[PDB]
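Quick setup: one chain, the form deposited in one PDB entry, written in structure tokens, and binding and motion questions come after.
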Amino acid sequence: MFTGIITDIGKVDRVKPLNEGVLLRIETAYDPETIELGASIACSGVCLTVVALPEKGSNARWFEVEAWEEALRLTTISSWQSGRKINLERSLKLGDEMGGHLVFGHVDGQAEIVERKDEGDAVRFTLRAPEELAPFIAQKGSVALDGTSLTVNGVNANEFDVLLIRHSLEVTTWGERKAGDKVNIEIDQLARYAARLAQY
């Protein structure tokens, strides 16, 4: 589990093909001495488990993860190539506060940025989400876009807007986002359960 508070901008070093999957090497500012093997890291909102770390003595700062069929089909990982900057977040530690938005790294699909407009030192992004996600939006709660916890402001069916503040643009990949870009979308976990309960 995560909080959607991005702590690093990672970089895709290499993409290696696996049997119906990809091996991703991600460059990070995180100390590999603080990353245990098997740790869960949210990579642009995708929960992935660390499978390899640099050799003892090596000055390299990377971690390796494996993205399989569900992650490839639904997430932006399908388009990831060497040089791609990605949002990073470490798992929530027992004792730390949960905050206003829990993020599990279970992305529903890809939302598309249709408009980017500057509003002072902040940037308003207008997005379109897959049709099936529309009833979860309009509820105007919090959403995880590329692993970033964001408040849903205006809504028109499957179209919605988010306001990215100066700090968020600086410390996340949102500073380089533009119209046409695909982002990972994760609907609020409690809202998922509430909607599933409503079916019965």
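The term rigid core refers to the maximal set of C-alpha atoms that superpose within 1.5 Å between the two forms. Shifts are known only where both forms have a C-alpha. Note that residue numbering begins at 1 and tracks the sequence as displayed.
Here the subject shifts to the form deposited in another entry, a form of this protein not shown in this document.
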query: Residue among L37, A138, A60, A29 with C-alpha shift of 2 Å or more between this form and the one not shown, core superposed; finding: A138
query: Rigid core superposition, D118 Cα moves 2 angstroms or more between this form and the one not shown; finding: no
query: Per-residue C-alpha change between this form and the one not shown, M98, threshold 2 Å, rigid core fit; finding: yes
query: Sense of the change in Cα distance from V152 to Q139 in the other entry - at least 3 Å versus the shown form; finding: closer
query: Pair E131/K140, Cα separation in the other entry versus the displayed form, closer or farther by 3 angstroms or more; finding: farther
query: Consecutive stretches, 3 or more residues long, displaced between this form and the one not shown (C-alpha shift of at least 2 Å once the core is aligned); finding: 97-100, 138-140, 189-191, 193-195
